[PDB]
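Protein chains in written order, with the deposited numbering: chain E, 271 to 334; chain B, 67 to 131; chain B', 67 to 131; chain E', 607 to 641; chain C, 71 to 140. A prime marks a further copy of an entry chain. Step one of this worksheet: look at the structure below.
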Amino acid sequence: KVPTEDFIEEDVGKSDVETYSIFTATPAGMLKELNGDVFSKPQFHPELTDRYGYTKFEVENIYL
Amino acid sequence: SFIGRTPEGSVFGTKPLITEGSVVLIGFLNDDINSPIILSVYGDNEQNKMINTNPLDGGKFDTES
Amino acid sequence: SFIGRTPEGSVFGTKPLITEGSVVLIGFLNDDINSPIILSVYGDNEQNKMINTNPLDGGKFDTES
Amino acid sequence: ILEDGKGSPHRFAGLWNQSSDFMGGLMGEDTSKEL
Amino acid sequence: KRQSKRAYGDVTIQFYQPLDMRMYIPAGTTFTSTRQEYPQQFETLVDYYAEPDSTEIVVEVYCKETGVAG
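Next comes the structure, spelled out in structure tokens:
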């Protein structure tokens with residue numbers, strides 16, 4: 271906890287710098303769709319993609 | 067495989083077989099898009115497994131057997 | 067060398083010889099590590115010198131001799 | 607030291623020339639070879 | 071009172087072809103189960119030597135974790 275009594279200055283607000291619609295966690299780069307099993311299975315929201323269409327966010331996990 | 071011209075002038079070379087639907091590795095010139103060259107052709111794991119008759123799962127190549 | 071499938075459906079291709087201890091050039095996909103593909107196989111200078119019978123040290127290929 | 611541009615004698619410390627060739631067996635390599 | 075007791079047993083090593091040279095197996099070599107339900111690891115404590123012209127060998131493995139998971 272902290273009340274406003276301890277606040278000297280503040281600079282906080284919203285920001286649209288980070289904006290993605292499609293999210294996925296692909297496996298390691300060794301596996302590939304053409305010469306292997308399924309490569310990815312992303313997820314999205316039908317209303318979100320209208321404002322930002324097909325904005326992908328890919329992350330490679332070494333564990334998988 | 068190889069291509070060239072003889073001293074007489076006649077051209078010689080090879081026309082390796084080309085197949086539709088095969089997977090080919092590509093390397094762009096100067097890492098510039100819209101300039102592909104095929105490096106080689108690589109088959110699927112199932113296709114490679116089908117076109118070989120070696121029953122051994124593994125082992126060093128130096129073994130006589 | 068080449069691989070594909072016929073209209074009937076039967077698969078065809080080649081299984082070029084593989085040797086242990088040979089030097090192979092590798093190119094990673096998208097310059098991402100942990101995804102190698104062998105481009106070709108290159109032999110040592112001594113091995114190349116041993117498996118050729120050309121005594122000429124050099125010269126232009128266009129010469130008849 | 608100012609004489610003839612001698613500089614600091616401590617510049618050429620004991621580790622300046624004393625060294626040895628670099629090879630393995632210093633960490634992790636030698637643990638499996640203790641036959 | 072006796073503390074937690076380590077789990078241990080024996081495993082069989084299978085070679086592709088019969089062995090030609092006397093190989094060496096230093097202690098502490100890890101063994102892991104590919105099954106997701108049993109991710110516990112195992113390790114050796116005593117070295118073992120494979121005799122020439124062999125096909126299989128039995129060695130002891132000691133579980134790092136102690137309890138029911140072993």
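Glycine included, C-beta positions come from ideal geometry on N, C-alpha and C.
Determine the DSSP secondary structure at residue i, reduced to helix, strand or coil.
{"i": "B'/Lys115", "result": "helix"}
{"i": "B/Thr85", "result": "coil"}
{"i": "E'/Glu609", "result": "helix"}
{"i": "C/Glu113", "result": "strand"}
{"i": "B'/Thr80", "result": "coil"}
{"i": "E/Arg321", "result": "helix"}
{"i": "B/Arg71", "result": "strand"}
{"i": "C/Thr100", "result": "strand"}
{"i": "B'/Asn96", "result": "helix"}
{"i": "E'/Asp636", "result": "helix"}
With a cut-off of 8 Å on the beta carbons, I'd call residue i and residue j a contact; round off their distance for me.
{"i": "B/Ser88", "j": "B'/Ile84", "result": "Not really, about 20 Å apart at Cβ, beyond 8 Å."}
{"i": "E/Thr325", "j": "E/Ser285", "result": "The Cβ separation is near 16 Å, so there is no contact."}
{"i": "B'/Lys81", "j": "B/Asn111", "result": "Not really, about 13 Å apart at Cβ, beyond 8 Å."}
{"i": "E/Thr294", "j": "E/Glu330", "result": "E/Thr294 to E/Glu330, Cβ: 10 Å. No contact."}
{"i": "C/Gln111", "j": "C/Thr102", "result": "5 Å"}
{"i": "B/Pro73", "j": "B'/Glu130", "result": "6 Å"}
How many Å lie between residue i and residue j at the Cα?
{"i": "E/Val282", "j": "E/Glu317", "result": "28 Å"}
{"i": "B'/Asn114", "j": "B'/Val107", "result": "12 Å"}
{"i": "C/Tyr132", "j": "E/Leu304", "result": "42 Å"}
{"i": "B/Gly125", "j": "C/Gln87", "result": "7 Å"}
{"i": "E/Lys271", "j": "E/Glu288", "result": "28 Å"}
{"i": "B/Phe94", "j": "B/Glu86", "result": "21 Å"}
{"i": "C/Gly79", "j": "E/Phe327", "result": "47 Å"}
{"i": "E/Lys311", "j": "E/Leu334", "result": "14 Å"}
{"i": "C/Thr104", "j": "E'/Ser638", "result": "25 Å"}
{"i": "C/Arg72", "j": "C/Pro109", "result": "26 Å"}
{"i": "B'/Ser76", "j": "B/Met116", "result": "10 Å"}
{"i": "C/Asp90", "j": "C/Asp123", "result": "6 Å"}
Just list the residues that DSSP pairs residue i with in beta bridges.
{"i": "C/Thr136", "result": "C/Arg76"}
{"i": "B'/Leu91", "result": "B'/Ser106"}
{"i": "C/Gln84", "result": "C/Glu126"}
{"i": "E/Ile292", "result": "E/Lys326"}
{"i": "C/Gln106", "result": "According to DSSP, C/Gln106 bridges with nothing at all."}
{"i": "C/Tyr118", "result": "C/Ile95"}
{"i": "E/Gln313", "result": "E/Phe293"}
{"i": "C/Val131", "result": "C/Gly79"}
Q) If you pair each beta-carbon of the segment 100-110 of chain B' with each one of the segment 297-307 of chain E, do three or more pairs fall below 8 Å? A) Taking 8 Å as the limit for Cβ pairs, the verdict is that the segment 297-307 of chain E does touch the segment 100-110 of chain B'.
Q: Report yes or no: do three or more beta-carbon pairs, one from the segment 610-630 of chain E' and one from the segment 111-127 of chain C, lie closer than 8 Å?
A: Verdict: no, contact absent.
Q: Specify whether the segment 121-138 of chain C and the segment 80-92 of chain C touch according to this definition: at least 3 beta carbon pairs, one from each stretch, less than 8 Å apart.
A: Judged by Cβ distances under 8 Å, the segment 121-138 of chain C makes contact with the segment 80-92 of chain C, as three or more pairs qualify.
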